[PDB]
Amino acid sequence: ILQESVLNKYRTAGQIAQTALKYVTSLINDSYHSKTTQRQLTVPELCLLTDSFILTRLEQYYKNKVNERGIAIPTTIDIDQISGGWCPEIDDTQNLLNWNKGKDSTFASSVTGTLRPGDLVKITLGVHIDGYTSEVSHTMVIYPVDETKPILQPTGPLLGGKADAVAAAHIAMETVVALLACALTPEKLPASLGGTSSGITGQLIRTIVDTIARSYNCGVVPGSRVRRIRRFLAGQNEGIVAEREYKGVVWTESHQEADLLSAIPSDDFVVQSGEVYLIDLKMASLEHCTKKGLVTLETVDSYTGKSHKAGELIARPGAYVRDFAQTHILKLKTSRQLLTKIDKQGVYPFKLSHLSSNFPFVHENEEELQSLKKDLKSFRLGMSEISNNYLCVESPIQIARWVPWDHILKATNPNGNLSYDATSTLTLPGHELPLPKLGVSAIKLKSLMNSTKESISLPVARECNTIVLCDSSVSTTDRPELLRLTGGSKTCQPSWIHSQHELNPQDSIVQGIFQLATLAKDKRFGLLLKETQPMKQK
Amino acid sequence: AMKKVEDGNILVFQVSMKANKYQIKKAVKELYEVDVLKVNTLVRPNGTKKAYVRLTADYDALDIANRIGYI
Amino acid sequence: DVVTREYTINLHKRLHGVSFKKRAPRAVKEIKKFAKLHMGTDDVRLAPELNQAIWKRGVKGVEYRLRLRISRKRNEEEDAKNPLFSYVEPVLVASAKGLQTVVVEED
Amino acid sequence: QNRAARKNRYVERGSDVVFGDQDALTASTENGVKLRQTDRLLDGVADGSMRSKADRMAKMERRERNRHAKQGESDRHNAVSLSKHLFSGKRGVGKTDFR
Amino acid sequence: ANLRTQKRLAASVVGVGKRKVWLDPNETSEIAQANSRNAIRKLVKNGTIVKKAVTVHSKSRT
Amino acid sequence: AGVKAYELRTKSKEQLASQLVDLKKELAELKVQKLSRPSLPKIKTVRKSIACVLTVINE
Amino acid sequence: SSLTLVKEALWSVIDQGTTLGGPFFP
Amino acid sequence: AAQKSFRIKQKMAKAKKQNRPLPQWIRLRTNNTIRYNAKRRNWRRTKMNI
RNA sequence: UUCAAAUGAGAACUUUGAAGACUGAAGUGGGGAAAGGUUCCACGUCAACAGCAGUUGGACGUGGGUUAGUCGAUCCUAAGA
Ligand SMILES: [Mg+2]
Ligand SMILES: [Mg+2]
Ligand SMILES: [Mg+2]
Ligand SMILES: [Mg+2]
Ligand SMILES: [Mg+2]
Ligand SMILES: [Mg+2]
Ligand SMILES: [Mg+2]
C-alpha cells in the first residue's frame with residue numbers, strides 16, 4: 001500500500017543509490033579517463049569505497065526511526081563476459097593472481113583489477129530502508145585518452161558488438177520505462193502496440209524487449225527480468241531464495257527454445273497502479289556467432305585443478321546469503337560471533353568486510369585498512385565453519401556463454417528429463433530443466449557446453465532501474481505519473497557508442513516503440529516521468 | 001583441527017610416516033617462513049601421521065592458514 | 001456430549017485375590033474399564049496424578065476406594081477414530097467413604 | 001502482569017517476512033554429510049538418476065543374502081555337513097561323551 | 001526427538017549423575033538444538049536444565 | 001597436457017631443478033584443493049610431469 | 001515420436017545505424 | 001590391547017581402510033560382474049587372528 | 001512395572017517428564033591387565049540381524065576422534081634361551 005512514509009523511504013533509498021552511482025562514475029573517470037589522480041584505483045578498492053560511501057550517507061537518514069537499513073545489493077563491477085557476482089574482497093588480490101597464473105588474458109581486467117580501454121564496466125548497487133529496496137545498474141565504456149584535444153575526450157566512439165549490446169540495453173530500458181508508465185494512462189497506448197482499452201501485459205513487455213534485441217542482433221541473458229517489488233521481497237537473491245508469489249516476466253533458455261520453435265513466473269499478468277517495479281536487462285552481443293545458438297550461463301569456481309582450459313577464470317565469490325530457515329550451533333567462538341554479526345544484516349546479500357567494526361572508514365588510513373584485513377582473516381576462519389554447516393550460501397559468479405543448436409541436437413542424453421545435479425548444494429539450480437521440450441537438464445547442458453569446441457563467451461551490457469507508479473493522491477500534481485527512483489539522463493548517461501544496426505521502421509512493434517518515445521517526450525499531453533536527483537556532497 | 005588455530009596458535013598437518021619432530025619443524029619453517037614453538041605427533045588409526053605444530057607468539061597461525069588456502 | 005461427574009470406585013472387590021505384583025496395573029485397567037462403562041467411550045485417559053494416587057503405596061498397596069472425576073469431552077483431532085474421549089482425574093478428599101455420584105457444574 | 005505483557009512485544013522482521021514459512025534452501029544429502037565431507041559411496045556418480053539406478057541395482061542384488069538371513073555382506077559363517085561329535089557314538093557301559 | 005546425548009552432556013557438565021539432571025519436557029526443540037557443552041551450560045544458566053537435590057538420608061533416629 | 005621429455009632434454013640442471021620445485025609446489029596446492037573437490041584431473045598430469053623431470057635428470 | 005518431431009522442427013528452423021552519447025566523459 | 005605393538009597397529013589400520021562397501025560407480029561399468037564386497041570383514045563376525 | 005506428552009504410517013519395547021522398584025560399596029558403581037580392533041562419538045538411517053516388536057541398537061551408510069623429557073616400552077638382570 002503506497003503511502004507518504006513508504007514513498008519517502010523509497011525516494012531516500014533511490015537518492016542514496018543515485019549519489020553512490022555518481023561517486024563511482026567520478027572515481028572511475030578520475031582514475032582512468034581524467035588521469036589526474038596519482039594512483040589508479042582497482043575494482044575491489046572501488047567496491048569497498050562505494051560501500052563505505054553508501055553506509056556513511058545512509059547513517060544520517062531514519063536513525064532510530066527504522067528498524068533495518070543498509071546496503072541491499074553489494075557493489076558489483078562486471079567486465080564484458082562476466083555478467084554478475086563480481087565483488088572481490090581486498091584480501092583476494094594476490095589469491096586471484098596466484099589462481100590465474102598460467103591462464104589466458106581474456107579475463108585480465110578482472111584478474112588484475114585494473115580497467116583497460118574498450119571495456120564494458122557494469123556497475124550495480126542497491127540500497128534498502130525498512131525493507132523498501134531501490135537498486136540501480138548501469139553499463140559504461142572505458143576509452144583511451146586523446147592527447148591533442150585540449151579537453152579530456154575519447155579518441156573515438158565504441159564500435160562493434162559491444163556498441164550493439166549497449167545500444168540495445170539502453171533503448172530497451174527506455175522503452176520498457178515508457179510502456180510501464182503508459183499503464184497509468186491506458187488511453188495513450190498506441191493501437192499498433194496493443195488495445196487502446198487494454199493495459200500493459202507481460203506478453204507485450206516480452207515482445208518489445210525481444211523485438212529490440214533481435215533488431216540489434218543481441219540475446220537476452222537468462223538473468224534479465226521485469227518484476228514487481230514489495231517490502232523485503234525485491235529479488236535481492238532471486239535465483240537462490242524461493243519466493244511464494246511472483247508477478248513479472250523473465251527470460252530463460254526455455255524461452256529461447258520456445259522462440260526458436262515458435263512460484264513459477266508467467267507472462268500472464270496486468271500491471272496495476274500503486275506498484276513498484278524493477279527492470280533489469282542484460283543484452284549479450286552475438287557478433288562472433290556465425291550460426292544460430294543458445295545463450296546460457298557458466299559458474300566460476302576457485303579450483304584450478306578441475307580442468308586444463310587456459311581460457312578459464314578461477315575466482316571466489318565475495319557475497320554471501322544467510323539462510324534463516326537453517327539452525328546449527330557452531331563449535332568455534334569466532335564462528336558464533338560472526339553469525340551474530342551476520343544475523344544483524346537481514347535478508348540481503350552481504351560482504352565479509354561489511355561486518356567489520358572498522359568499516360565504514362571515517363578517515364581513510366593505511367592503518368585502518370590493515371585493521372580491516374586483520375578482521376577479514378578471522379572472518380574467513382569463521383565463515384569456513386558457517387558455510388560447511390549450510391547456514392550461509394554463496395552468490396555465484398557467472399559468465400555468459402553461447403552454445404550452437406546443432407551440437408545440442410546432435411548430442412544424446414540417455415536419461416532425458418530424469419537427470420539432475422545431485423552434488424549441487426543449492427536446491428533451485430540443482431533441479432533445473434533449461435530445455436523442457438528437448439528434455440535437456442542443466443547438468444547435460446553443462447556437459448554440452450564443455451564438450452563443444454565452438455562454445456564462446458559473449459560481452460554483456462546491463463541496465464537496471466526501479467520505478468513507482470504513483471496514483472493521483474500519491475503524486476504531487478494530482479495525476480498519476482511514473483517516478484524513476486534510480487537512473488535517468490543524469491546518473492545513467494549513455495557512453496559514446498556507434499552501431500551499424502537500427503530499428504526497422506516498417507514493423508508495427510517498432511512504430512509502437514517510436515510512438516511511445518514521442519509520447520514520453522511530449523511533456524504536456526503525453527506521459528509524466530519524475531527522475532530522482534542525486535544529492536550534493538561538497 | 002580448525003578450532004586449534006584460534007585456541008592455541010596450532011596448525012594441524014598430515015606428515016610422512018618416516019618423519020620425526022625435527023624434520024617436521026624444519027620443513028614447516030622452510031615452507032612457511034615461521035618459527036615453531038613445539039611439535040606434537042600421533043599415528044592415526046588409518047595409518048597416517050598427524051602433527052600439531054604450535055608456532056611462537058610472534059607468528060599467527062591464522063595468517064598461515066589463509067595463505068595456504070583452506071580457512 | 002460434554003459432561004463431568006464425580007464417582008467412587010470400589011477397587012477392593014475388583015482386586016480381590018489378585019497377585020501382588022499385578023495389583024496396581026490391574027487397578028489402572030479396572031479404572032479404564034469403569035470409565036468406559038460409565039461414559040460409553042473407548043478412549044480413556046488417566047491423569048499422571050491419578051497414576052500417582054494409584055501407585056502411592058507401592059505395587060500391592062492400592063486403596064480400597066478412590067474418588068474420581070470423570071470428564072467426557074470432545075476429541076479435537078480429525079484423524080482420531082472417535083469424536084469423544086474420557087479424562088479421569090483424582091479427587092483428593094478427607095475420606096472416600098460415604099460419597100455418592102454427583103454432577104460437576106462446568107464453568 | 002499487564003506491564004510485563006505489554007513489555008514483551010513480538011515485532012516481525014525481514015527474516016520473518018522472507019524465511020518465515022520456507023525451509024531447506026539446501027539440497028539435503030542422502031548420507032547426512034557436511035559441505036566439505038567426503039562421500040565414499042556416491043562421489044563417483046554425479047547425477048541423481050544414475051544414483052537411483054545404482055541404488056536399485058544394489059537393492060536387487062541384496063535379495064538372496066537377505067533371504068538367507070545374513071547379518072550383511074560380512075556374514076560368511078559356514079556350517080559343516082555332518083558333525084562327528086554328534087555322529088560318532090557307541091555308548092558302552094561306562095563313560096559317555098555328554099550328560 | 002532423542003535427547004540421550006543431551007542428558008549425558010548435562011550430567012557431565014553439572015557434575016552429577018544422570019539420575020540428578022532434569023530436562024524441561026516443554027523445551028524439547030531447544031534442548032534438541034544443543035549439541036555442545038557450551039549450549040548445555042547456557043541451558044543450565046537459563047533454567048531449561050536443573051540439578052535435582054540429593055535424596056535425604058536422615059540420621060535423626062540413629 | 002603436461003611436460004614433454006624431448007623438450008626437457010634441452011635444458012640444464014638448474015632449470016630442471018627449478019621446474020621440479022615449481023611442480024612440487026603446484027602438486028601441494030592441488031592436494032589442498034582435493035580436500036574440498038574429490039575429482040581433480042590435474043593431479044595426474046602434475047604427478048606425471050614430476051616423474052618425467054626426475055627421469056630426465058637421472059638420465 | 002514427439003522428440004523426433006521437435007528435433008526435426010528445430011533442424012528445419014535453424015538450417016546509417018545508431019549513435020548514443022558524445023565526445024565527452026560523463 | 002591398549003599397549004599394542006606398531007606391527008599390530010599397522011595391520012589394524014589396513015583392515016580399517018579395507019572395511020567398506022563397493023563404490024556405486026563400479027556397478028555402472030561395462031560388463032561389470034562385481035555386485036558386492038565378498039571379502040567384507042566385521043569385528044563381531046570373523047576374527048582377524050592377529 | 002505403570003501414567004501423560006513428543007516423534008512417527010504404525011509405540012508394551014524410542015525420547016522427556018511423572019511414579020513404583022532394584023543393585024546396596026565382596027555393587028547391576030568407578031578404573032585397569034590378557035584378549036578384541038573402531039565396537040568410542042556425531043550425522044543419516046531400517047532391506048537383513050537383535051528366537052515378540054522396533055521410529056531404537058555394539059546393526060546398515062558417511063565421517064570425526066588417540067597430542068608426553070616427567071605414564072609405559074625402550075635400559076638391567078631372574079629361571080632360562
Ligand atoms: Mg606419542
Ligand atoms: Mg488366590
Ligand atoms: Mg535382594
Ligand atoms: Mg534394596
Ligand atoms: Mg525378531
Ligand atoms: Mg554407540
Ligand atoms: Mg557404524
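Within every chain, numbering begins at 1; the chains are lettered A, B, ... in the order of the sequence lines, protein sequences first and strands thereafter. Any value given below was found using the heavy atoms of this structure, including those in side chains, with hydrogens, waters and symmetry copies removed.
Across all strands, C:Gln52 comes closer than 4.0 Å only to sugar-phosphate atoms, never to a base (heavy-atom distances). Using a 4.0 Å heavy-atom distance criterion, D:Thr29 is classed as making no nucleic acid contact. Across all strands, D:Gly72 comes closer than 4.0 Å to no nucleic acid atom at all (heavy-atom distances). The residue B:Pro45 sits close to a base: some heavy atom pair falls under 4.0 Å. Contacts of D:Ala69 with the nucleic acid, taken as non-hydrogen atoms under 4.0 Å apart, involve only primed sugar atoms and P, OP1 or OP2. Within 4.0 Å of C:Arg45, counting heavy atoms only, lie sugar-phosphate atoms of the nucleic acid but no base atom. Residue contacts shown for C:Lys21 are absent, as no nucleic acid heavy atom lies under 4.0 Å away. Among the atoms of the strands shown, only primed sugar atoms or phosphate atoms (P, OP1, OP2) are found under 4.0 Å from some heavy atom of B:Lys50. Residue contacts for H:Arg40: at a heavy-atom cut-off of 4.0 Å it reaches the sugar-phosphate backbone alone, with no base atom in range. Using a 4.0 Å heavy-atom criterion, one finds that E:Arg4 contacts the sugar-phosphate atoms exclusively. Contacts of C:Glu49 with the nucleic acid, taken as non-hydrogen atoms under 4.0 Å apart, are absent. When heavy atoms are screened at a 4.0 angstrom cut-off, B:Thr41 is found touching the sugar-phosphate backbone but no base atom. Heavy atoms of D:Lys59 sit nowhere under 4.0 angstrom from any nucleic acid atom. Among the protein residues, E:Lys7 comes within range of the sugar-phosphate backbone only, with heavy atoms under 4.0 Å from sugar or phosphate atoms but none that close to a base.
Side-chain N/O atoms of B:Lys4 include none lying less than 4.0 angstrom from OP1 or OP2 on I:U67. Here D:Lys34 does not reach the OP1 or OP2 of I:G64: none of its side-chain N or O atoms lies under 4.0 Å away. The phosphate of I:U62 has neither OP1 nor OP2 within less than 4.0 Å of any side-chain N or O from D:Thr38. Contact annotation: H:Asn42 side-chain N/O to I:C60 OP1/OP2 distance is under 4.0 Å. The phosphate of I:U38 (OP1 or OP2) has a side-chain N or O of H:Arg41 nearer than 4.0 angstrom. Proximity of H:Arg45 to the phosphate of I:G36: no side-chain N or O atom is located under 4.0 Å from OP1 or OP2. In this model, the phosphate group of I:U39 is not approached by any side-chain N or O of H:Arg44 to a distance below 4.0 Å at OP1 or OP2. A sub-4.0 Å separation between OP1 or OP2 of I:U66 and a side-chain N or O of B:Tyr52 is present.
Taken together, I:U56 and I:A50 meet the test for a Watson-Crick or G-U wobble pair: both N-N or N-O distances fall under 3.5 Å. Applying the 3.5 Å cutoff to both bonds, I:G57 and I:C49 register as a Watson-Crick or G-U wobble pair.
The side-chain tip of B:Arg54 does not point at the ring of B:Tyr52 from less than 6.0 angstrom away and within 45° of straight on. The side-chain tip of C:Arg45 does not point at the ring of C:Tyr87 from less than 6.0 angstrom away and within 45° of straight on. Under a cutoff of 6.0 Å and an axis angle of 45°, D:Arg65 and H:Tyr36 form a cation-pi pair.
Minimum atom distance to the side chain of C:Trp55 is reached by I:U2, of the listed I:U2, I:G61, I:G63. The side chain of B:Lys38 approaches I:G69 more closely than any other nucleotide in the set I:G69, I:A42, I:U62. Residue E:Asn2 places its side chain closer to I:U56 than to any other of I:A42, I:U56, I:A34. For D:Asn31, the side-chain atoms get nearest to I:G61 when compared with the rest of I:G61, I:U15, I:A59. Listed nucleotides: I:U16, I:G72, I:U2. Nearest to the side chain of E:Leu23: I:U16. Considering only side-chain atoms of C:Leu46, the nucleotide from I:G37, I:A4, I:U56 that sits closest is I:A4. Comparing atom distances between the H:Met48 side chain and each of I:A33, I:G20, I:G37 picks out I:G37 as nearest.
Ring-to-base geometry does not place H:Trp43 in a stacked arrangement with I:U39 (centre distance under 5.5 Å, plane angle under 30° required).
The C1'-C2'-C3'-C4' torsion of I:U14 is positive, which assigns its sugar to the north, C3'-endo side. On the basis of its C1'-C2'-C3'-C4' angle being positive, I:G29 carries a north sugar. Sugar conformation, I:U45: north. The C1'-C2'-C3'-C4' torsion carries a positive sign.
Under 3.5 Å, the side chain of C:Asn51 and the base of I:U2 form at least one donor-acceptor pair of N or O atoms. A donor and an acceptor atom sit less than 3.5 Å apart, one in the side chain of D:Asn66 and one in the base of I:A47.
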Where do C:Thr4 and C:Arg72 land on the side-chain contact (heavy atoms from CB on, under 4.5 Å) test, with the steps shown first?
CA-CA 6 Å; C:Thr4 298; C:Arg72 179 172 65 204; over 6 Å; no
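With RNA chain I read from its 5' end, the first of the two nearest nucleotides for C:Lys32 and D:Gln37 is the one closest to C:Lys32. Closest-nucleotide positions on RNA chain I for E:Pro25 and D:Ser74 were compared, and the one nearer the 5' end corresponds to E:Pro25.
Using a cut-off of 5.5 angstrom for ring-centre distance and 30 degrees for interplanar angle, I:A50 is classed as not stacked on I:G51.
Residue E:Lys52 qualifies as enclosed at atom NZ: its count of foreign heavy atoms under 6.0 Å is above 12. More than 12 heavy atoms of other residues, nucleotides or ligands lie within 6.0 Å of NZ in C:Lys73, so this atom counts as buried by the packing criterion.
Side chain of D:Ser74 to backbone of H:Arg40: a donor-acceptor contact under 3.5 angstrom is found.
The interatomic distance linking H:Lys9 (NZ) with I:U38 (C1') rounds to 12 Å, in whole Å.
A donor-acceptor pair shorter than 3.5 Å cannot be found between the side chains of H:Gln10 and H:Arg7.
Classification of I:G57 as anti follows from a glycosidic angle more than 90° from 0. Syn is the glycosidic conformation of I:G58, whose angle stays within 90° of 0. Anti is the conformation of I:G61, whose glycosidic angle sits further than 90° from 0.
Contact annotation: the side chain of D:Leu42 approaches that of D:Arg51 to within less than 4.5 Å [non-hydrogen atoms, C-beta and beyond].
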